[PDB]
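Fold and contact review
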Amino acid sequence: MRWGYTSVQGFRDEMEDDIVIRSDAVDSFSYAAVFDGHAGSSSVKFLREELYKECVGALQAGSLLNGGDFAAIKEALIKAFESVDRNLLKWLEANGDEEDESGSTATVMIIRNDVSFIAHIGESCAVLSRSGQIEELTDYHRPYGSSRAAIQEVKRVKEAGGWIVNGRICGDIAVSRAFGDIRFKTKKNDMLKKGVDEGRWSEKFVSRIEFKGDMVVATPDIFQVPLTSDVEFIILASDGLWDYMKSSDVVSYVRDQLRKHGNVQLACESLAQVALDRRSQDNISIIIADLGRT
Amino acid sequence: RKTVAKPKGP
Ligand SMILES: [Mn+2]
Ligand SMILES: [Mn+2]
């Protein structure tokens, strides 16, 4: 297919989104990812090469992609994500910080021949258009809400002994799954301590806390997305887009652009400008795969 | 919204 992409800072004082698109034409294989970093860019930077390499490795070990073992593909991509996060946390600890507290979300799409898989953590979103109809392919990992993932995430966080205030875990983080974010994982106890030292809560408060598991995890949801000849285009984007434009609206908008000039790169740039005209307040990154059709 | 914030108890 053809790719259109854009990644802009918009109204934020820093740019922490990034995008990756890598193809192997001989193998009919492509990897597209949007990363939405927070509290710095070091996690995003790490993921840029490390996640690709690990995913490619996890799936090549066994020529795994089109074997039809969904379970095995799913397990491979999960272990890839978990492994990368393990390595990131070490890196953040040794090649850092000392005040680097960064993290990043990630929505990855892998296509090989006529199969597509999505590995997703966080609050970017992927959608496609199929015979004129929208399919929303991912669900949000937020510690509040009503979608399938939402109730389960809040349950998982509370189960780990964390709490949620102002729609944030420990009043801090607004996503429940992410790479990095060591203070919610292997340094959560230290986190409580720092809070006392910085006067965000009392000593007796920390006493009543009992962390059982990690509050934030990098374990992805994994989806298999059937590809058919009537899939018109696929869109991966950060929440800088979706928070300000409903997916049914973006799909109609892109369809209109492509009917107009058939240029996916121009469609993508014009879409990002619509998001800015609507005064989205975040970095905005968009990747569109134009598969053509009718 | 800013994705992180200084933490707060319930
Ligand atoms: Mn961000
Ligand atoms: Mn964002």
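Residue labels used throughout are counted from 1 along each chain in written sequence order rather than taken from the entry, whose numbering may differ, and residues without coordinates are not included. The naming scheme follows written order: chains are lettered A onward, ligands numbered 1 onward. Excluded from the side-chain calculations are hydrogens and water; all other atoms, namely the structure's heavy atoms, are used.

If you check the header, you'll see the entry was determined by X-ray crystallography and the resolution is listed as 2.000 Å.

As recorded by the PDB entry, chain A carries the name Protein phosphatase 2C 57 and is attributed to Arabidopsis thaliana. UniProt positions are given in the numbering used here, feature names are shortened, and annotations may be inferred rather than shown by experiment. Quoted verbatim from the Sequence similarities heading of the UniProt record, the comment on chain A is "Belongs to the PP2C family."

A few words now on the UniProt feature "binding site: Mn(2+) 1" in chain A. Residues and elements named next belong to chain A. In this structure's numbering, the residues bearing the UniProt feature "binding site: Mn(2+) 1" are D36 and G37. Take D36: it is sitting in strand β3 (residues 29–38). Exposure categories follow from relative accessible area, calculated using a 1.4 Å probe and restricted to protein chains: below 20% of the type maximum is buried, above 50% is exposed, and the middle band is partly exposed. On the basis of relative accessible area, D36 is assigned to the buried category, the value being 9%. Setting aside residues up to four positions removed in sequence, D36 forms contacts with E16, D17, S104, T105, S124, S238, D239 and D282. Structurally, the position occupied by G37 is in strand β3. On the basis of relative accessible area, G37 is assigned to the buried category, the value being 5%. In this description a helix means any DSSP run of H or I spanning at least four residues, a strand means any run of E spanning at least two, and both kinds are numbered starting from the N terminus. Two residues qualify as a contact provided that any one of their heavy atoms is within 4.5 Å of a heavy atom in the partner residue.

All names here are of chain A. What makes a salt bridge here is a side-chain nitrogen of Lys or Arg within 4 Å of a carboxyl oxygen of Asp or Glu, nothing more. Enumeration over the complete set of coordinates arrives at 21 salt bridges over all chains. The closest approach of N and O atoms between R22 and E49, which form a salt bridge, is 2.4 Å. Of this pair, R22 sits in strand β2 (residues 17–24) while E49 sits in helix α1 (residues 42–60), placing them 27 residues apart in sequence. With relative accessibility at 25%, the residue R22 sits in the partly exposed group.

On the side of chain B, 10 residues touch chain A, which itself brings 19 residues to the contact. Buried area: the accessible area, evaluated with a 1.4 Å probe, that two parts lose upon being put together, summed over both parts. Where chain A abuts chain B, roughly 1300 Å² becomes buried across the two surfaces, and 53% of that area is made up of carbon and sulfur atoms. When the area that chain A buries against chain B is broken down by residue, the three leading residues are A:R168, A:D172 and A:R200, summing to 30%. Connecting chain A to chain B are zero salt bridges. Two N or O atoms form a polar contact when they lie within 3.5 Å of each other; inside protein one atom must be a possible hydrogen donor and the other a possible acceptor, and for residues adjacent in sequence the pair counts only when both atoms belong to side chains. Summed over the shared surface of chain A and chain B, the result is seven residue pairs in polar contact. The class makeup of the residues in the side of chain A that touches chain B is 10 nonpolar, three polar and six charged. Residue polarity follows a fixed list, in which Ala, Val, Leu, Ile, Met, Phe, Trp, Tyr, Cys and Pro are nonpolar, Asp, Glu, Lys and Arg are charged, and the others, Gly among them, are polar.

This paragraph deals with the pairing of β2(A). Residue and element names in this part refer to chain A. Where β2 lies against β3, eight bridges are found, and the strand directions are antiparallel. Within β3, the position partnered with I21 by the bridge is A32. Think of it this way: DSSP has to see at least two bridges between two strands before they count as a pair. In this antiparallel pair of consecutive strands, β2 and β3, the connection spans four residues, and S28 shows a positive phi of 55 degrees.

Residue and element names in this part refer to chain A. Among the secondary structure elements, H38 is positioned in strand β3. A relative accessible area of 2% places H38 in the buried class. Engagement of the side chain of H38 in a polar contact is seen with the side chain of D181, the distance being 2.6 Å.

Below, the discussion takes up helix α7 (residues 247–261) of chain A. Residue and element names in this part refer to chain A. Helices are assigned an expected span. That span is 1.5 Å times one less than the residue count. Relative to the 21 Å expected for 15 residues at 1.5 Å per residue, α7 spans 21 Å between its end C-alpha atoms, a close match to the ideal helical length. Within α7 the residues assigned to the buried category are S247, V250, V251, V254, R255, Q257 and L258. For α7, the angular spread of the buried residues around the axis is 160 degrees, confining them to a single face. Across α7 from its buried face, at more than 90 degrees, point the exposed residues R259 and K260. Looking at the buried residues of α7, the elements they touch are β6 (125–130), β7 (133–136), β12 (231–237), α6 (239–242), α8 (264–277) and β13 (284–290). Each C-beta atom gives one direction from the helix axis, and the arc is the one those directions make.

Turning our eyes to something else, we now look at the packing of α1(A) against helix α2 (residues 70–94) of chain A. Residue and element names in this part refer to chain A. All axes are obtained by fitting lines to C-alpha atoms, using only the stretch in contact for helices, and the reported angles, taken between N-to-C directions, cover 0 to 180 degrees. One way to put it is that α1 packs onto α2 with a least axis distance of 9 Å and a crossing angle of 145 degrees. Every pair of crossing elements has a handedness; the one defined by α1 and α2 is right-handed. For the pair formed by α1 and α2, the contact residues are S42, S43, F46, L47, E50, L51, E54, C55, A58 and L59 on the first element and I73, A76, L77, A80, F81, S83, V84, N87, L88, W91 and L92 on the second. Put simply, a crossing is left-handed when the front helix is turned counterclockwise from the back one by less than a right angle, and right-handed when it is turned clockwise.

All names here are of chain A. Only the six-membered ring of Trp is used, alongside the rings of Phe and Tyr, when aromatic pairs are assigned; centres must lie within 6.5 Å, and planes under 30 degrees apart are stacked while those over 60 apart are edge-to-face, with the rest tilted. Under the definition given, this model contains seven aromatic pairs over all chains. Measuring from ring centre to ring centre gives 5.9 Å for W163 and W201, while their planes differ by 75 degrees; the resulting arrangement is edge-to-face. Residue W163 is located in the loop between α3 (148–159) and β8 (164–165), and its partner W201 is located in the loop between α4 (188–197) and α5 (203–207); the two are separated by 38 residues in the primary sequence. Residue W163 is classed as buried on the basis of its relative accessible area, which comes to 10%. You can call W201 buried: its relative accessible area is 9%. Cluster of aromatic residues (ring-pair linked, three or more members): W163, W201 and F205.

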